[PDB]
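A single chain comes next, written as structure tokens; it is the form deposited in one PDB entry.
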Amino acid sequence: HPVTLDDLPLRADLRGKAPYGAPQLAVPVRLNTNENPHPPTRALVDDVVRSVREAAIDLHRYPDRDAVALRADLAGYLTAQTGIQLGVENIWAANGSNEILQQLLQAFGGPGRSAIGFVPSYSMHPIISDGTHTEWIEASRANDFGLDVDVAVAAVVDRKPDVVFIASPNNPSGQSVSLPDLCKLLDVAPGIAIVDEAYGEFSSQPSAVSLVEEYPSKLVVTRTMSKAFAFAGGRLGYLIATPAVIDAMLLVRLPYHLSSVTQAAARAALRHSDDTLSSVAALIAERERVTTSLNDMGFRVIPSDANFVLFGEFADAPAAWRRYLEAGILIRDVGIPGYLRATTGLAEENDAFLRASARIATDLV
């Protein structure tokens, strides 16, 4: 009596689904991922293998427990990428985005404290299990899956919370939240407000760090290397804020810190940020291309500020997904009636995606 899916307490949502198991995807094109195609320069790779090679043995027991150089390096890069003059005393680093979110919640959240988060429809919000009372309002516009800034503010003045969560740009549509609008919230926020600029590097739009100096006792901006720095970024997490906040972090320092090698890898990655910015510049342009291109083909495309685009108005989206698959393109069914999510990629890939889009569009009534 060997055991199968029917015996497992699966989520109902997933019953009857044939698992597309085996490596059943010769698919030249994968645009369902969440990071970055652009391969790494032989130059950047040599830096990594040098750097890592050097630290691995000798500095194994001697990591910079305070991630100073890395933090300065990040600060460096940020000041370039955003234009806001940043320094080591504004940056704080951790293993992942979850860790830095964890640290913040120990400084400003926890038992007795309360937070509220805003999520457009179909988003996936973090689950916070330390004593902090969190509530998640879904407040999108029945329109574009963007954040209904109006209810958001009203929700803040009413719930008067210790911490506020926003994503910008956010899932699922890749909408940014306009600076004016941030301010509107920051104005009514009584405590901390954390803005997740996970995708910030792809946004054609002033970064939220530009408002730090204006709201330094309130705003903290999260961010991550996982998106822009495929190679060597170690899926790292950092924050930008007033030097004082950084200080707050140092006093709730986690039971783990950043590997000596881990740190070096990340630094090497930053050392070649010129490319992994000019190639991000490459992406945005392409993303915009796919965008206009798709509309011209008759698709409804949700105008995005991320490494991806939400599109369609397909009657049977999951079938469309199968169709893309059967045509060599791997995009993402993200469980939204009528829409699929296609990551932006290399021009040669995007073209293929667009082509497949036409085949498919044509083959429908």
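In case it trips you up, residue 1 is the first one in the sequence shown, and so on. Rigid core here is just the name for the largest C-alpha set that superposes within 1.5 Å across the two forms.
This next part talks about the form deposited in another entry, which is not shown.
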| property | result |
| --- | --- |
| Core superposition between this form and the one not shown, C-alpha change of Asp66 at least 2 Å | no |
| Large Cα shift (2 Å or above) at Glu214 between this form and the one not shown, core-fitted | no |
| Rigid core superposition, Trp136 Cα moves 2 angstroms or more between this form and the one not shown | yes |
| Cα separation of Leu239 and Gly233 in the other form versus here, shift of 3 Å or more | farther |
| Direction of the Cα shift between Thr134 and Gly110 in the other form, where the change is 3 Å or more | closer |
